[PDB]
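# Understanding the architecture of this molecule
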Amino acid sequence: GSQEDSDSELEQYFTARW
Amino acid sequence: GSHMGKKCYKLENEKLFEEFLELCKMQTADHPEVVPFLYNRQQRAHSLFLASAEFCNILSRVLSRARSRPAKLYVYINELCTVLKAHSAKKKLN
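Residues numbered from 1 in each chain as written, not as in the entry; some residues may be left out. Chains lettered and ligands numbered in written order. Heavy atoms only, no water.

As stated in the entry header, the method of structure determination is solution NMR.

As annotated in the PDB entry, chain B carries the name Death-associated protein 6 and comes from Homo sapiens. Here the entry title, as the record gives it, is "DAXX helical bundle (DHB) domain / Rassf1C complex".

So, in C-alpha cells, the structure goes:
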C-alpha cells in the first residue's frame, strides 16, 4: 500500500493540467 | 561486487538531475517547491541508486520527457521523486 504519497505527494500543492 | 561492477553514474545523475531542475525552475517558476522537493528527496535517497546506471535511465528519460512535454513535467517530477525512494533508502523490493 501507499507508504508514500508518491506522485500525489506533489499534487498536494502543485500540478499541471494532467 | 555490486552489480555491473564498480560503475559510478554519480557525476551523471547529479548534473542530470539538475538538467530537470533547471528546467523545473523555468516551468514551475510560480511553484518553487518542486525543485527543492526533488533536491530534498534525492538527498534522502540512498546514494547507491543515485550512483547507478538505472537512475541514469530514469533521469535521461523523465527529464527529457519533461523537456519535450512541459505539460506533464510534474508527472516526471512525481516519478523522479518516487523513483528516488522506491529504489533507494527503501530498497527491499529490488
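### Regarding the overall build of chain B
Secondary structure summary: chain B contains five helices and zero strands in total. Its helices and strands taken in sequence order, chain B reads α-α-α-α-α from the N to the C terminus. Against the globule reference of 12 Å for 94 residues, chain B gives a C-alpha radius of gyration of 13 Å, in line with a compact fold. The 94 residues of chain B split such that 43% are buried. Across chain B, contacts joining residues at least 24 apart in sequence account for 74% of those joining residues at least 6 apart. (Helix = DSSP H or I, 4+ residues; strand = E, 2+ residues; numbered from the N terminus. Rg over C-alpha atoms; globule rule 2.2 N^0.38 Å. Buried < 20%, exposed > 50% of the residue type's maximum accessible area, 1.4 Å probe, protein only. Contact = heavy atoms within 4.5 Å.)

### A short note on the packing of helix α1 (residues 10-27) of chain B against helix α2 (residues 34-43) of chain B
Residue and element names in this part refer to chain B. Viewed as axis vectors pointing N to C, α1 and α2 meet at an angle of 160°, and their least axial separation amounts to 9 Å. Overall, the two elements α1 and α2 adopt an arrangement that is roughly antiparallel. In this structure, the crossing between α1 and α2 has a hand that is right-handed. Residue-level inspection shows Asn-13, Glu-14, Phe-17, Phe-20, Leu-21, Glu-22, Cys-24 and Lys-25 of α1 in contact with α2, the latter providing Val-34, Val-35, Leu-38, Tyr-39 and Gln-42. Residues belonging to the contact of α1 with α2 are distributed by class as follows: eight nonpolar, two polar and three charged. (Axes fitted to C-alpha atoms, helices over the stretch in contact; angles between N-to-C directions. Parallel < 35°, antiparallel > 145°, perpendicular 65-115°, else oblique. Left-handed = near helix turned anticlockwise from the far one by under 90°. Nonpolar A, V, L, I, M, F, W, Y, C, P; charged D, E, K, R; others polar.)

### Some details on the pattern of salt bridges
A full pass over the atoms with the stated rule returns five salt bridges over all chains. Residue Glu-4 of chain A pairs with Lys-90 of chain B through a salt bridge whose shortest N-O separation is 2.6 Å. Separated into two different chains, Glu-4 of chain A in the segment before α1 (8-11) and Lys-90 of chain B in the segment after α5 (73-87) make up a pair that spans both. Given the relative accessible area of 27%, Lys-90 of chain B is considered partly exposed. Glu-22 of chain B is the salt-bridge partner of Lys-25 of chain B, the closest N and O atoms lying 2.6 Å from each other. Within this pair, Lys-25 of chain B and its partner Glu-22 of chain B are both found in helix α1, separated by three residues, close to a single helical turn. Given a relative accessible area of 40%, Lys-25 of chain B falls into the partly exposed group. (Salt bridge = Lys/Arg side-chain N within 4 Å of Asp/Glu carboxyl O.)

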